[PDB]
Amino acid sequence: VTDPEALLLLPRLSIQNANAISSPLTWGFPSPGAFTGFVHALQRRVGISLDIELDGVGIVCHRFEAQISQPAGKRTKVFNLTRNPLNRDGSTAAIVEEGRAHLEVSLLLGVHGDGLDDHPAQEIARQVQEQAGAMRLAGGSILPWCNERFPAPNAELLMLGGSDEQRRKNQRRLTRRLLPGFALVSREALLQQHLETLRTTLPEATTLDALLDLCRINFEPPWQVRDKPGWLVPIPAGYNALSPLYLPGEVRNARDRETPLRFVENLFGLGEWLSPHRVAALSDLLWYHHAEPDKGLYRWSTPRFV
Amino acid sequence: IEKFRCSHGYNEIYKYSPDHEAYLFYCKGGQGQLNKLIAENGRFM
Amino acid sequence: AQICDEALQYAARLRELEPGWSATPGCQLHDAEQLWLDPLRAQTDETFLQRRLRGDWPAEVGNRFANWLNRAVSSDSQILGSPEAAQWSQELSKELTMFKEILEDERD
Amino acid sequence: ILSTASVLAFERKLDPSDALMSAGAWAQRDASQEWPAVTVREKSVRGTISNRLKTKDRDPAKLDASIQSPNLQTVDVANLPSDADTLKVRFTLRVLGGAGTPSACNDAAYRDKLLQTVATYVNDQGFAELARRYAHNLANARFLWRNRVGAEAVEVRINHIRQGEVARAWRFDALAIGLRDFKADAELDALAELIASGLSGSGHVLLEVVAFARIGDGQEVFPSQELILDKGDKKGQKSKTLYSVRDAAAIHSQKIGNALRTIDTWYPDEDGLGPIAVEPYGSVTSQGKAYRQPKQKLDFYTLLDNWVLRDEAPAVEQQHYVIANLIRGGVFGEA
Amino acid sequence: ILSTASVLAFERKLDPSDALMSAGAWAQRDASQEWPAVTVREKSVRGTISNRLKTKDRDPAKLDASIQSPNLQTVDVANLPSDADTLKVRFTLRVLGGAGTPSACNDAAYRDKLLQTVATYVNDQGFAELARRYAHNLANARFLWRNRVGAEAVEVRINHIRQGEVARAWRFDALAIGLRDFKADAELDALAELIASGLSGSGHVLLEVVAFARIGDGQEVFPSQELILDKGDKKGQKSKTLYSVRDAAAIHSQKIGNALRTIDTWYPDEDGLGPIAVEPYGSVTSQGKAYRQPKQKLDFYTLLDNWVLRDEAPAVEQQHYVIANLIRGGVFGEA
């Protein structure tokens, strides 16, 4: 969509029990839809008051730790669960496996609007930080950095630079700040061209199979592993329609009766974990919302990446 | 030029190194470990 | 580019994580680096090491890293006689130039 | 049927020690108990390439570019002091005895046959040629390996050490006694009888062998040479490290032992090439040629198996060689 | 067929020692046995940037910011004392002989052919040109490498050391004997006959070479230079280390040997460029050029392989060069 007028940096945010179950096919880091919905919840809660439009999100993930455990004698992993309460008779309830993970991410969220000129930059930065302190990011509480050495503050970098050199200079200053992490971007063109080459190899190939080929460490005979460009992962890239769009007060047991509902299903794209100084433009690497509601296809990606 | 040399009475496997022109001590074992290492790494360098 | 990325990554996580680069002194720390102790020399010594690092701008780690990275190719006489060593050196020089350009701006 | 035992391990008779090389001045060798040791120190060498090129590197531009980036090494070097012209190499040698008895043997019948064979040898002819040749290799300072090759005068002093002190002293001119002839001498025969009584188990023999060599003031001496890590860069390469026990250069014990065993003048090839060391398939590493190959019937293994199993006793020279291999020690037995 | 041997190691004939440099005053050089040694001491140096810039550092503000921060070093330096104008450089040289025999050689047929080739050379013309040129490089103090270049008067004293004392003493004026002409003399032929009898194996030759040089009071002398570890900070770098054996400055033995070998006036390029050191693919590392490249048929390897294998004996100058390489030593032979 539209380009950001400024680039706010929420600092290293600790999330204690995020949803490690991203999707029915992927586990690990939470879905980027969690971060885009979080930024839209931030806009819904302070962006209408500071007259700004917080839009887009850059995911950095300084550290990650899934609450998993590899069982004895297996190559796979399982999830450490919680003990839910008993039922009304004292019987143990049926265990529903939820993944939990401890994250330390920082969010490069793009901000544009008329509120940039009305308030100081540090003022709106402190406002959205004090709002995000009372929120949750993927089902996990945001730990607010109390009584450590020093709180990591904000810096709203203005994307409009007086030069190209000043723009690259404070961009390099920001990239040094979010440097111990690993930026997550949407790489769907590489998945599409990998589909084309794999279809050239053997026809009627799905890009589900191209995704699966880009995930696995496949071996080749002369033995040599297939090289992979970068840290290629599968991500859930939004939802696809399974149902016609129902009326607000038509579907039974919705969340609300003023919003149209539609039964949907995940869409598994591809993402790439790269170091944040590779991109040379932090105006990119932001995850936006692309609905196109008449067709379905509610999805998120990083447009203007390459 | 053989990649492994078993010293037979002393139960030592010597693997050829190319930097210095000599064999160096690889592991212990006899003919079975020698044949298994030949099957894994291939002889004749 | 990836090996430069994780070298800068290792340097960054050491430089922000621990004060261990200035934990205990001696005679041997390979102190000409001055990148793994960025807040360990300026946030503690005000004019002793911070003015000895901001004007000097110690970014010389690129050529020592190139000497370490030169081991990665085989030391074959045909590999050095062919133009593959020339292509190797020009791409390595470009990537150490980028490592230089990111390593120099540590005083901002 | 009397097959060969699957294990045989013979322990090493003629045990020498690490030979500690110290330095000083000739004409006071008799006061050489406080001579300072030769220290191994580091110098740094720089050499142009001199190895053969493999017809691909014979481009003159590539050759000049290679010699413009020359090889920097450090080397361990050991020299005499600049006021000292004599190298004293002092070790002790134990002659144990009980040569044919193995330290391990599966077959009891083979062990009885081997013990009968060695005892038949010793009764027919004692350790009299073997100890004569060992006493020669103590007398001519062959254990001075490259420290002997240009020496002005070498002199060996061998003391038989009884309960605390010298019981009998020898003193030889190690250059008059050649490196290739086993002659007879009144003192060499006395040392031969002492090593004979040691190898026969009829006495405890411990010799203290001291060898002085006129090399020259500050010249290089050659201790035994170790093998290097090669974990670091190619300029502080450390291309050569030398042996030293405690800040004092030394020759390895098995190098002294290899020079002691150099008695085999009975190999089937030409005898003008001198004695070689007693080895099965009697081989010399410097020449890279294995005399006593098993295609001919003259290695240690076929001679021992013909002597013990099927009673084909070889000629007296070849059984001297077989018993010298039993004195040398080792594991002689299959997998 | 007679292919070349796979290993070929020749031991170094003409062994020099580390050239100890001490200091004193001229006209009492005859009492120069208690002269104090030249000590290697440290001093600080502060340098401006003076190397070439690669058209990215040619900004004036960047260059001024560079010259604002100068580089600091401590360097090892060796000077004469302020009351001594003469540098005495003293070493011993041991001439061994037996130049044809390799110390390690695989093919016995190649070894016999190479021995026959070198014996044919020695019988046709002994070590007489080579010893005359080695005696010149002893006579003119070429082993004083940079300590010779500004000296007012250089005098070399060479003593043949027998059983404990001087058998024959020489004394040369090393500046009248040039660095480039191998002329004839009365005393240089006596030294050439001595080095001839040493290299022929017909006698033990140990020369004590002492060279004096009028440099000047407190002037800098130039011992051999070690290489550094490069481990500490940019202020106390210790960027220069000088060789010393025990608190006494010294030139390396291989540097004295490279100055002694500088006899090769038979390389195909111009002979106004002087003699060079005897190397295979005869190369001077200062000049960065390799004379006797293998694209011409005048390196050591193709000359030796045409002489020994296929009997193509070269001109007597080239076989002087080949036998000078065999005196030089080396690791010859392929892989």
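Residues numbered from 1 in each chain as written, not as in the entry; some residues may be left out. Chains lettered and ligands numbered in written order. Part of a larger assembly, values for the part shown. Heavy atoms only, no water. Residues with missing side-chain atoms left out of burial classes, pairs and counts.

### A closer look at the overall build of chain B
Phase 1: The helix and strand tally for chain B stands at one helix and three strands.
Phase 2: Reading the secondary structure of chain B in the N-to-C direction produces β-β-β-α.
Phase 3: When the backbone C-alpha atoms are referred to their principal axes, chain B occupies close to 25 × 20 × 15 Å.
Phase 4: Counting every position in chain B, which comprises 45 residues, the buried fraction comes to 24%.
Phase 5: Of the roughly 3,000 Å² of accessible surface on chain B, 50% is carried by carbon and sulfur atoms. (Helix = DSSP H or I, 4+ residues; strand = E, 2+ residues; numbered from the N terminus. Buried < 20%, exposed > 50% of the residue type's maximum accessible area, 1.4 Å probe, protein only. Areas by Shrake-Rupley, 256 points an atom, 1.4 Å probe, with all protein chains shown as cover.)

### As for the side chain of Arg 157 of chain D
Residue and element names in this part refer to chain D.
Phase 1: Relative to the elements of secondary structure, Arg 157 occurs in strand β8 (residues 154-161).
Phase 2: Within the local environment of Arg 157, its side chain forms a polar contact with the side chain of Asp 30, the two groups lying 2.7 Å apart.
Phase 3: Apart from residues no more than four positions distant in its own chain, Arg 157 is found in contact with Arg 29, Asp 30, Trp 170, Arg 171, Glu 208, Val 209, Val 210 and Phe 212. (Polar contact = N/O pair within 3.5 Å; in protein donor to acceptor, adjacent residues only side chain to side chain. Contact = heavy atoms within 4.5 Å.)

### Observations regarding the interface of chain D and chain E
Phase 1: Listed as interface residues are 41 residues of chain D and, on the opposing side, 50 residues of chain E.
Phase 2: For the pairing of chain D and chain E, the buried interface totals around 3,700 Å² over both sides, and the portion due to carbon and sulfur atoms is 45%.
Phase 3: Sorting the residues of chain D by area buried against chain E places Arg 52, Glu 152 and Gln 219 of chain D first, and these three jointly supply 19% of that buried surface.
Phase 4: Connecting chain D to chain E are four salt bridges.
Phase 5: Between chain D and chain E we count 22 residue pairs in polar contact in total.
Phase 6: Elements that contribute at least two residues to the side of chain D that touches chain E include exactly β4 (40-47), α1 (60-67) and β5 (71-79) of chain D.
Phase 7: The dominant element in the side of chain D that touches chain E, judged by the number of residues it contributes, is β4 of chain D, at six residues. (Buried area = accessible area lost by both parts, 1.4 Å probe. Salt bridge = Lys/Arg side-chain N within 4 Å of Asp/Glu carboxyl O.)

### Let's talk about the environment of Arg 107 of chain C
Residue and element names in this part refer to chain C.
Phase 1: Tracing the sequence through the fold places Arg 107 in the segment after α6 (84-103).
Phase 2: For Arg 107, a relative accessible area of 42% translates into the label partly exposed.
Phase 3: In this structure, the C-alpha to C-alpha distance between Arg 107 and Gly 55, residues 52 residues apart in sequence, is 9.4 Å.
Phase 4: Each residue touching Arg 107, except ones within four places of it in the same chain, is listed here: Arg 54 and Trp 57.
Phase 5: Polar side-chain contacts of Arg 107 include one of 2.4 Å to the backbone oxygen of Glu 104.

### So, unusual backbone geometry
Phase 1: Unlike most non-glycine residues, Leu 297 of chain A shows phi in positive territory, near 60°.
Phase 2: In this structure, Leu 297 of chain A sits in the loop between β16 (288-290) and β17 (299-301).
Phase 3: The phi torsion at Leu 14 of chain D lies on the positive side, around 55°, for a residue other than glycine.
Phase 4: As for its position among the elements, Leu 14 of chain D is in the loop between β1 (8-10) and β2 (15-16).

### Quick look at the packing of aromatic side chains
Phase 1: Taken as a whole and assessed by the stated rule, the structure comprises 31 aromatic pairs over all chains.
Phase 2: When the centroid spacing of 4.6 Å and the interplanar angle of 65° are considered together, the rings of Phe 300 of chain D and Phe 332 of chain D count as edge-to-face. With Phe 300 of chain D in helix α6 (residues 300-308) and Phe 332 of chain D in the segment after β17 (330-331), this residue pair connects regions lying 32 residues apart in the sequence.
Phase 3: Aromatic side chains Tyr 267 of chain E and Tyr 291 of chain E sit 4.6 Å apart centroid to centroid with 50° between the ring planes, which places their arrangement in the tilted category. (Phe/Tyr/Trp six-rings, centres within 6.5 Å; stacked < 30°, edge-to-face > 60°.)

### A word on the relation of the copies chain D and chain E
Phase 1: Once chain D has been moved 11 Å along the axis and rotated by 51°, it coincides with chain E to within an RMSD of 0.2 Å.
Phase 2: Comparing interface residues between copies, only 2% of those in chain D also lie at the interface in chain E; the contact surfaces differ. (Least-squares fit on C-alpha atoms.)

### As for the sheet that holds strand β4 (residues 40-47) of chain E
All names here are of chain E.
Phase 1: Taken together, the three strands give an open sheet; going across it, the order is β4-β5-β11, and neighbouring strands pair in antiparallel fashion. A single partner strand is all that each edge strand has here, and the edge strands are β4 and β11 (220-221).
Phase 2: Pairing between β4 and strand β5 (residues 71-79): eight bridges, direction antiparallel. Paired with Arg 46 across the two strands is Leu 72, which belongs to β5. (Pairing = 2+ DSSP bridges.)

### Some words on the sheet that holds strand β7 (residues 104-105) of chain E
Sheet strands line up and pair through hydrogen bonds in the backbone, either parallel or antiparallel.
Residues and elements named next belong to chain E.
Phase 1: Strand order in the open sheet formed by three strands is β7-β1-β19, and the pairing between neighbours is antiparallel. The sheet is open, and its two edges are formed by β7 and β19 (330-332), each paired on a single side.
Phase 2: With three bridges joining them, strand β1 (residues 8-10) and β19 adopt antiparallel strand pairing. Bridge pairing in β19 places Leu 8 opposite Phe 332.

### Brief notes about the packing of helix α3 (residues 129-139) of chain E against helix α7 (residues 316-328) of chain E
All names here are of chain E.
Phase 1: Look at α3 against α7: their axes get within 10 Å of each other, and the N-to-C directions meet at 65°. Between α3 and α7 lies a crossing of right-handed hand. Across the interface between the two elements, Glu 129, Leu 130 and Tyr 134 of α3 pack against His 320, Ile 323, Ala 324 and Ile 327 of α7.
Phase 2: Taken together, the residues of the contact of α3 with α7 sort by class into five nonpolar, one polar and one charged. (Axes fitted to C-alpha atoms, helices over the stretch in contact; angles between N-to-C directions. Left-handed = near helix turned anticlockwise from the far one by under 90°. Nonpolar A, V, L, I, M, F, W, Y, C, P; charged D, E, K, R; others polar.)

### Considering the side chain of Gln 237 of chain D
Residues and elements named next belong to chain D.
Phase 1: By the element assignment, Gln 237 lies in the loop between β11 (220-221) and β12 (250-251).
Phase 2: With a relative accessible area of 17%, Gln 237 lands in the buried category.
Phase 3: With sequence-adjacent residues up to four places away left out, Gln 237 is seen in contact with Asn 71, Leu 72, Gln 73, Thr 74 and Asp 230.

### Things to note about the pairing of β5 of chain D
All names here are of chain D.
Phase 1: Among the nine residues in β5, eight count as buried, and that is most of the element.
Phase 2: As paired strands, β5 and β11 are joined by two bridges and run antiparallel to one another. Along β11, the bridge assignment pairs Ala 78 with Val 221.

### Considering the pattern of salt bridges
Phase 1: Under the counting rule described, the total for this entry stands at 52 salt bridges over all chains.
Phase 2: We note a salt bridge from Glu 104 of chain C to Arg 107 of chain C, for which the minimum N-O separation is 3.7 Å.
Phase 3: Take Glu 104 of chain C: its relative accessible area is 27%, and that puts it in the partly exposed class.
Phase 4: With its nearest N and O atoms 2.8 Å apart, the salt bridge here joins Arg 157 of chain E to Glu 155 of chain E. The two residues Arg 157 of chain E and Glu 155 of chain E agree in class, both being buried.
Phase 5: Salt bridges here are not isolated pairs; linked through shared partners, they connect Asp 213, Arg 216, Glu 220 and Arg 226 of chain A.

### Notes on the nonpolar core
Phase 1: With 83 residues, the main nonpolar core has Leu 130, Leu 138, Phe 143, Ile 195 and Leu 207 of chain E as its most contacted residues.
Phase 2: No other element matches the eight residues that helix α4 (residues 187-199) of chain E contributes to this core.
Phase 3: Apart from the residues within four sequence positions on either side, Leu 138 of chain E is in contact with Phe 91, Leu 93, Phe 143, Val 156, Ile 158, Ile 195, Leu 207, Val 209 and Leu 260 of chain E.
Phase 4: Counting 74 residues, the second-largest nonpolar core is a separate cluster that includes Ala 99, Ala 213, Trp 307 and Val 322 of chain D. (Core = buried A, V, L, I, M, F, W, Y, C linked by side-chain atoms within 4.5 Å.)

### Some remarks on the domain arrangement of chain D
Accessible area lost during the coming together of the parts is what is often quoted as the interface size.
All names here are of chain D.
Phase 1: Partitioning chain D into structural domains gives domain 1 (1-11 + 99-126 + 263-335) and domain 2 (12-98 + 127-262).
Phase 2: Each partner contributes residues to the interface: domain 1 has 26 residues there, and domain 2 has 21 residues.
Phase 3: Both sides of the domain 1 and domain 2 interface together cover about 1,800 Å² of buried area, and 60% of this is carbon and sulfur.
Phase 4: Here domain 1 and domain 2 share one salt bridge between them.
Phase 5: Joining domain 1 to domain 2, the criterion identifies nine residue pairs in polar contact.
Phase 6: At the level of elements, α2 (108-124), β13 (262-264), β14 (276-277) and α7 (316-328) are the ones that each hand at least two residues to the side of domain 1 that touches domain 2.
Phase 7: With five residues, the single largest contributor to the side of domain 1 that touches domain 2 is α7.
Phase 8: Within the side of domain 1 that touches domain 2, the residues separate by chemical class into 14 nonpolar, eight polar and four charged. (Domains from an automatic or database assignment.)

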